[PDB]
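Only one structure is covered here, and it is reproduced in the block below.
We count residues from 1, following the sequence as given. Counting starts at 1 for both ligands and their atoms, in listed order.
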Amino acid sequence: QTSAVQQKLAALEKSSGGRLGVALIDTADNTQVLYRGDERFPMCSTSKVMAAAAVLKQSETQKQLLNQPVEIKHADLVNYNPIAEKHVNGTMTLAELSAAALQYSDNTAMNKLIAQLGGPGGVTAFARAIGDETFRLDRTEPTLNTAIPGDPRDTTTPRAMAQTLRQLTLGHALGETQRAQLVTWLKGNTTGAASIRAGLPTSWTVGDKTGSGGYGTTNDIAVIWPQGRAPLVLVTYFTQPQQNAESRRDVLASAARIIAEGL
Ligand SMILES: O=C(Nc1cccc(-c2nnn[nH]2)c1)c1cc(-n2cccn2)cc(C(F)(F)F)c1
Ligand SMILES: O=C(Nc1cccc(-c2nnn[nH]2)c1)c1cc(-n2cccn2)cc(C(F)(F)F)c1
């Protein structure tokens, strides 16, 4: 069956020229609305949520882990290091690296999270441990953002990422204090006002993590607290046919608006 909401998302996708993937979970009734929900998309920086969460899980058995210093050397700097560049020849704690990765989308900070987990496969291993059989991280920053059509590396599906984001932020994949810390970090994101939240009522509260990369790939994953009802989880992934395509955060806002209108 195709619902009215799915038909509107297909019309938005058709006008956009690209490929749109959407997964909503409404935690009031556990119902799901999906558009291309089982197709693979490049995660780009939305993968930073999984890496931060994996470190949070490690911190459950090490009370001081988030205060552990990590050396930042000039050679560690990659292509977008707004926080880490200030600490070259110094250190940042794992909490500082997590906050920088999630809230500023710092790629050097992400690489330190990946390294703390033993490489991209350590992130994938954590995803499996929390029941996500779909997520895969294959590369470090910045190459995990190439976003080549048909390439399986560094991809997931909207359905899997929505289920994972729910378990991490509203369920029990993490301990109570770690879940609260992840929610606090997401709610303080600086990069998200033009993406999912631009399509939602202003009274709603959002925590999100954006991503972008090659092929005009433009992504956002969010936990949403509407006024007066149970939280929602929403994934919006978008990717385009030409390598140099421009980003389209407005398409993510439009997808979120259609979803909100259908509730
Ligand atoms: O910094 C970025 N992208 C980047 C960085 C370094 C190299 C290249 C590159 N390599 N080749 N071509 N461009 C690209 C970047 C982009 C976006 N964004 C643009 C449109 C929609 N979202 C948002 C953010 C932020 F959320 F973090 F603020 C960072
Ligand atoms: O690293 C990147 N982008 C980035 C960096 C930091 C934050 C964010 C972000 N966060 N939230 N939204 N965007 C995005 C990035 C981008 C591109 N590219 C090519 C055309 C358009 N883009 C290519 C590459 C790669 F060639 F190395 F693969 C990396």
Side-chain angles (χ1 to χ4, degrees), residues 16-21 40-53 72 74-88 92 96-115 120 123 136-156 158 161 165 182 185-199 206-223 234-256:
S16 81
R19 182 169 60 101
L20 174 69
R40 289 206 168 253
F41 290 81
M43 288 181 288
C44 302
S45 291
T46 70
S47 63
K48 292 170 173 145
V49 172
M50 192 78 76
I72 307 297
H74 178 265
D76 300 334
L77 295 184
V78 286
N79 61 339
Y80 189 71
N81 330 294
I83 313 302
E85 73 184 0
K86 300 192 266 198
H87 304 293
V88 168
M92 292 176 65
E96 287 182 301
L97 291 156
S98 296
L102 291 174
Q103 304 187 320
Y104 295 85
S105 209
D106 188 306
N107 270 352
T108 297
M110 173 58 156
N111 278 354
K112 295 307 193 179
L113 302 179
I114 292 168
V123 189
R136 51 185 288 177
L137 203 67
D138 296 273
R139 289 170 294 169
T140 60
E141 299 290 358
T143 64
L144 72 86
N145 306 292
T146 49
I148 296 169
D151 190 343
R153 294 176 298 172
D154 307 300
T155 59
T156 194
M161 192 64 107
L165 189 60
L182 177 60
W185 280 331
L186 291 171
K187 283 182 176 181
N189 181 33
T190 69
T191 71
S195 299
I196 282 167
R197 72 180 77 190
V206 177
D208 80 296
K209 177 76 199 77
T210 52
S212 68
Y215 293 82
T217 297
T218 315
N219 298 333
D220 199 14
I221 69 176
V223 50
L234 182 62
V235 165
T236 58
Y237 280 165
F238 183 68
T239 196
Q240 299 179 74
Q242 302 218 47
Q243 195 276 332
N244 69 352
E246 311 276 280
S247 159
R248 295 292 305 268
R249 292 179 291 188
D250 66 296
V251 170
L252 310 188
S254 287

Using protein heavy atoms only, decide if any is under 4.0 Å from [atom].
atom: atom 17 (C) of ligand 1; result: yes
atom: atom 13 (N) of ligand 1; result: no
atom: atom 24 (C) of ligand 1; result: no
atom: atom 1 (O) of ligand 1; result: yes
atom: atom 27 (F) of ligand 1; result: yes

Heavy atom of the protein closest to [atom] (residue, atom name, distance):
atom: atom 19 (C) of ligand 2; answer: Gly214 CA, 3.7 Å
atom: atom 5 (C) of ligand 2; answer: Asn107 ND2, 3.2 Å
atom: atom 3 (N) of ligand 2; answer: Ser212 O, 3.7 Å
atom: atom 21 (C) of ligand 2; answer: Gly213 O, 3.3 Å
atom: atom 8 (C) of ligand 2; answer: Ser45 OG, 3.8 Å

**Request:** For a side chain to side chain contact (heavy atoms under 4.5 Å, CB included) with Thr46, tell me which candidate from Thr236, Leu165, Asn219, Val235 qualifies.
**Result:**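 Exactly one option meets the side chain to side chain contact (heavy atoms under 4.5 Å, CB included) with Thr46, and it is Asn219.
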If you measure only the distance, is there a donor-acceptor pair under 3.5 Å linking the side chains of [X] and [Y]?
X: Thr210; Y: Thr191; answer: yes
X: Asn79; Y: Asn107; answer: yes
X: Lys209; Y: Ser47; answer: no

Taking distance alone, with no angle check, do [X] and ligand 2 share an N/O pair under 3.5 Å?
X: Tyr215; value: no
X: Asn145; value: yes
X: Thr210; value: yes

**Request:** Starting from the C-alpha separation in whole Å, work towards a yes-or-no answer on side chain to side chain contact (heavy atoms under 4.5 Å, CB included) for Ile72 and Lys112.
**Result:** CA-CA 9 Å; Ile72 307 297; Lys112 295 307 193 179; 3.7 Å; yes
What atoms of ligand 1 come within less than 4.0 Å of a heavy atom belonging to [X]?
X: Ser247; result: 20 (C), 21 (C)
X: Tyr104; result: 27 (F)
X: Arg249; result: 21 (C)

Beyond-backbone contact of [X] with [Y], side-chain heavy atoms, under 4.5 angstrom:
X: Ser212; Y: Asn145; result: no
X: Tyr237; Y: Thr217; result: no
X: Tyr80; Y: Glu141; result: no
X: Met110; Y: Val78; result: no
X: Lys48; Y: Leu113; result: no

**Message:** For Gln243, is the CD atom crowded, meaning more than 12 foreign heavy atoms sit under 6.0 Å from it?
**Reply:**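 Yes, enclosed.
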**Prompt:** Backbone N or O of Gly216 within a donor-acceptor pair of the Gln240 side chain at under 3.5 Å?
**Reply:**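 Between the backbone of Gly216 and the side chain of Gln240 there is a qualifying donor-acceptor contact (under 3.5 Å).
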**Item:** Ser105 contact mode with ligand 2 (heavy-atom cut-off under 4.0 Å)
**Value:**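 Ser105 to ligand 2: contacts from backbone and side chain alike.
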**From the candidates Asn79, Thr191, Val78, the one that places a heavy atom nearest atom 15 (C) of ligand 2** = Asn79
**Item:** Option with minimal heavy-atom separation from atom 29 (C) of ligand 2, where the choices are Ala101, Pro142, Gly216
**Value:** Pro142
**Asked** Can you list the atoms of ligand 2 that are under 4.0 Å from a heavy atom of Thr146?
**Response** 28 (F)
**Prompt:** In ligand 2, which numbered atoms sit nearer than 4.0 Å to a non-hydrogen atom of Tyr80?
**Reply:** 5 (C), 6 (C), 7 (C)
**Complete:** Residues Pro82 and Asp106: closest non-hydrogen pair is N-OD2, 3.3 Å
